[PDB]
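Worksheet: one structure, shown below.
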Amino acid sequence: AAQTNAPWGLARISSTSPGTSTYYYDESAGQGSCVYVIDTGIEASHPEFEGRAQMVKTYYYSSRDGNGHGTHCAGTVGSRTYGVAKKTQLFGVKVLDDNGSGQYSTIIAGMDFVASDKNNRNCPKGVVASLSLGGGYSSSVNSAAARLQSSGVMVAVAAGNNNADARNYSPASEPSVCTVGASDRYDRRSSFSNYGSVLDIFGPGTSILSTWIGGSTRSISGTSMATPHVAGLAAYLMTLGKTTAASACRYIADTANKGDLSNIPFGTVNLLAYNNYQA
């Protein structure tokens with residue numbers, strides 16, 4: 106399939122070259138897979154989600170996304186216009202309040218929720234969890250991310266927007282999950298994107314247009330915005346049978362665009378998420 110005038114990030118994950126605007130992808134589009142978006146919740150009623158998004162858990166008075174961040178990330182995963190896997194199932198776990206804030210303990214409980222809740226969902230193609238969140242280093246947040254990964258969920262976490270080594274941030278520093286840095290439309294590392302040996306991949310992170318609360322859209326920047334690209338890419342690749350949850354991050358890196366990003370610090374992988382679709 107071909108989505109003309111796609112957001113630049115979608116066109117990039119299906120391109121060996123920057124500066125194109127058509128997203129190419131196999132029409133399976135993540136059908137039969139599931140992506141948990143553990144964030145501020147999802148505006149499931151948004152027409153871009155086509156009934157495929159829903160709230161499955163909240164730790165606050167409402168499951169409604171009053172922030173927009175989780176709606177944006179879900180839109181990049183699987184919204185029809187801005188998503189990578191336009192047919193995947195989107196489950197919202199509201200571990201962040203409408204300020205975008207969350208206690209690490211609520212975040213840990215959300216990861217253990219997904220690790221069990223997937224046994225209540227129909228995901229024959231597999232399960233993805235997109236963690237567009239992060240704070241300082243925590244071995245307990247890291248271990249929850251490892252349990253989630255160990256449980257059979259592909260876990261994609263943001264590297265962080267500190268322009269630092271992601272080694273001092275959780276869950277970005279958990280080596281078993283898929284830690285994602287952010288790039289821009291000119292194949293530069295995003296000026297904010299964390300780096301380091303713990304990173305596994307880079308996704309489009311600067312000026313990403315996706316869904317927003319109130320049925321709207323907007324463009325925002327962050328490693329929280331590169332993470333749903335790889336998360337959506339993983340649900341896409343697992344539906345095609347190219348990889349499993351335990352292997353998808355290592356697979357995505359094997360098939361990524363090599364040595365195409367500039368301003369990548371020594372010791373950080375120079376890999377850009379690439380669906381390797383041939384139309």
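All residue numbers for the sequence shown refer to the entry's author numbering, where the first residue is 106 and numbers rise by one. Quick reminder that beta carbons are idealized off the backbone N, C-alpha and C, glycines included.
Non-local C-beta neighbours of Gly265 in its own chain, meaning closer than 7 Å and more than five positions away in sequence, comprise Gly239, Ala271, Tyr274, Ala277, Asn299 and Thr328, ordered along the chain. Contact annotation: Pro309 and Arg117 have beta-carbon atoms nearer than 8 Å. Apart from the 5 residues on each side of it in sequence, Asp365 sits with its Cβ closer than 6 Å to the Cβ of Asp292 and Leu377 in its chain, given in chain order. Three or more pairs of CB atoms, one per stretch, sit closer than 8 Å, so the segment 148-166 contacts the segment 174-184. Residue pairing by DSSP places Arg323 opposite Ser315 in a beta bridge. About 15 Å separates the CB atoms of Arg294 and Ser302; that is not less than 8 Å, and the two are not in contact.
For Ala214, the uninterrupted alpha helix (DSSP H) segment begins and ends at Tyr209 to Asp222. Spatial neighbours of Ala134 in its own chain (CB-CB distance under 8 Å, excluding positions within 5 residues in sequence) are listed in chain order as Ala106, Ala190, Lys191, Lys192, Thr193, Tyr341 and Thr344.
Unbroken beta strand (DSSP E) stretches of 3 residues or longer found wholly inside the segment 120-148: 138-144, given in chain order. When only Cα atoms are considered, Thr145 and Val198 end up about 8 Å apart.
The beta carbon of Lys347 sits closer than 8 Å to those of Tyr356, all from its chain and outside the five residues before and after it, given in chain order. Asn380 sits buried, since 16 or more C-beta atoms from the chains shown fall within 10 Å of its C-beta.
Taking the Cα positions, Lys223 is about 33 Å away from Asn375. The beta carbon of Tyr130 is closer than 7 Å to those of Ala106, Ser119, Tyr341, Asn380 and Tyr382 in its chain, skipping five residues each way along the sequence. Contact check for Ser243 against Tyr209 passes: the beta carbons are separated by less than 8 Å. When only Cα atoms are considered, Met216 and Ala158 end up about 18 Å apart. Of all alpha-carbon atoms in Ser206, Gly337, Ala250 and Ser321, the one lying nearest the alpha-carbon of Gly137 is that of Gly337. Considered as a whole, the segment 326-358 harbours 328-344 as its complete alpha helix (DSSP H) runs of no fewer than 4 residues, in chain order.
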